[PDB]
Ligand code: SF4
Ligand code: SF4
């Protein structure tokens, strides 16, 4: 058998049997990423302290002015 | 020697029907255990196997002569040990058919042992029609008490 299970009309020979099974497409798949691409594009060490310090510098002045208005 | 054995076990399994699942002697088979041990793993015969009608050999020996390989063991057992001379190898070639040429129940006692003689399911106990399998049966080496031969 095995030439009556995989017919492929013609083929003249036991080789050239159909042989259609699963696999990667011709040319493989896309290059798959595996590294750790963690983007560190956030606020830096400064700009976070200076936003906090800047908020403290101006916002506490605003607390003071609000205390003046309340008084 | 091994190539000769594989050759012959291919011929035997060539015109032999795929009756192993429905064969009563499926597990306890010389043909199955010689093919799975000395015969080739594959068969190149992809054509029309020969088939043979089932002879009526009585209420003891269920007969499926298509499975039978025409090794002649039973036709010798009935002629010699059983001594009744009813079985025969009728015909020649692949058309060879083992059994009585006229419908003739094996009137001889001692002719139920042809099933153990038979290396193939073909001749099987009709009482033990299909009720069990060669692996389920737990065997005890008992004796017999029907007749005083023990
Ligand atoms: S005798 Fe029965 S079990 Fe053994 S190979 Fe033939 S069909 Fe299969
Ligand atoms: S013993 Fe069984 S296999 Fe051998 S010739 Fe007789 S019926 Fe056929």
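Note that each Cβ is placed from the backbone with ideal geometry, even for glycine, and that neighbours are counted across all protein chains shown. Read-outs throughout are calculated quantities, based only on the coordinates presented, and are distinct from any laboratory measurement.
For residue B:15, the criteria (1) within 13 Å of ligand 2 (Cβ to nearest atom); (2) farther than 19 Å from residue A:2 by Cα hold in every case but one, which is (2). Among the residues of the range B:30-55, those identified as within 14 Å of another protein chain (Cβ to nearest Cβ) and out of contact with any helix residue (DSSP H, G or I) (no Cβ under 8 Å at 6 or more places or on another chain) are B:41, B:42, B:46, B:47, B:48, B:49. So which residues in the range B:56-92 are buried (at least 18 other Cβ atoms within 10 Å of the Cβ), over 20 Å from residue B:26 (Cα atoms) and either without any contact (Cβ under 8 Å) to a residue 60 or more places away in the chain or within 14 Å of chain A (Cβ to nearest Cβ) (or both)? Correct list: B:75, B:77, B:78, B:82, B:86, B:87.
Within the range B:18-41, not a single residue is in contact with a strand residue (DSSP E or B) (Cβ under 7 Å, 6 or more places away or on another chain) and at positive phi. Each residue in the range B:1-35 was checked for being part of a helix (DSSP H, G or I) and over 15 Å from the mean Cα position of the chain (by Cα), and 11 of them qualify.
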